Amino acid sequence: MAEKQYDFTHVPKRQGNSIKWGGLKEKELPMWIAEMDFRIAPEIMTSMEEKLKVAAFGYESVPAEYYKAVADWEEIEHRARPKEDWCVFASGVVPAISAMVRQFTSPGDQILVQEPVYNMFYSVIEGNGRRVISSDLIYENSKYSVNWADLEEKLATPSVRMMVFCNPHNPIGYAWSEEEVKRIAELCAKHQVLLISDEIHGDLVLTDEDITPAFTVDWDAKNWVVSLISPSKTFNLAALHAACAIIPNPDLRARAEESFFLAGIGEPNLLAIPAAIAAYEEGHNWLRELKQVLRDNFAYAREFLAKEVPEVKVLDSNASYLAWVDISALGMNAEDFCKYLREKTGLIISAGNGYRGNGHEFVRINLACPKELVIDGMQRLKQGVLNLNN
């Protein structure tokens, strides 16, 4: 090849309290939870080791440099520069959603999602005492589509007060077109519904199709949107706890910031600021190479399952390092299949059940690991399927 500047071959050796790699049995292969088995960009590491040299970790403000980095990143990577004053630090995307659920809806209000969607959406809606309402994505011809009439009918319902929009959508791995994003933002604005656009997979569109950040919608609807971003999925920094809400409406923004502070997610920890700035200032080259690795892993995985496991169907996706795999032909509830698969092969993938929708027919597989592990997992999956047919 042309030499890659960075290391996508060696799996980082985690400490014992890793969710992905802790308490596994011998030879078990975790490909479920969405973190990478790649080392992070050395540019980010350098900024973290630099910060540690302070050797005292008192209270931190959010510097202008943080929002500048966020804005520069969105401009360069997605050709949509937010205003830096739109940006508000939050310690995490899901905690920010949870705080905005409490701040911008009332107990008993309904909050719209499009099932199947990220399981943590349900937890922060239901656990906060709001009610999930879904305009289900319709599954036909191996693709999901939106029932736009049903979506609007639910948005227009008085008790439906917020839409948590997954953009790109996890677990189906779909980066919405500009038209779809602006249509949903316009729908929300029309019906006075707050659009929370979870854009945490936005840097991981594995094609050149870009995302459309919600904050780029025109100024009728722009006052009704919040874009949520983080370096965590892009750069393998789940535990960094750095995120950013982009809220063009200044009063909404100040209220969300107040809700972040009140909840305890408004203040950066000791690494969040320098590590996120380094990621958004200097992570471009590493991300470029990562997407080349991911496209290689996906090309292999999709080709393998096409030729070798016709019992399953990998859905066409263009975003995320996660594959959404239809296992319906196995006649087995995804939760039962994933248990069986783990017991027989050691491969641990995500049952689709927790994403609701039709997720009980699907598994989600994380391909953000060295190709050796992709090959291992794909072969284990075939071994699991073959063991059923016998």
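Throughout, we count residues from 1 along the sequence that is shown.
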{"query": "72-80 versus 92-100 - which carries the larger mean C-alpha B factor in the record", "finding": "72-80"}
{"query": "Mean C-alpha B-factor comparison - 349-357 and 328-336, higher one", "finding": "328-336"}
{"query": "Among 161, 302, 130, 241 - the residue whose C-alpha B-factor is largest in the record", "finding": "302"}
{"query": "Highest recorded Cα temperature factor - choice among 110, 236, 227, 147", "finding": "147"}
{"query": "Assigned third (lowest, middle, highest) for the C-alpha B factor of residue 198", "finding": "lowest"}
{"query": "Entry-reported Cα temperature factor of residue 283, expressed as the chain third it lands in", "finding": "middle"}
{"query": "Third assignment of residue 212 from its chain's C-alpha B-factors", "finding": "highest"}
{"query": "CA B-factor ranking of residue 168, expressed as a third of its chain", "finding": "lowest"}
{"query": "Chain thirds of CA B-factor: placement of residue 66", "finding": "highest"}
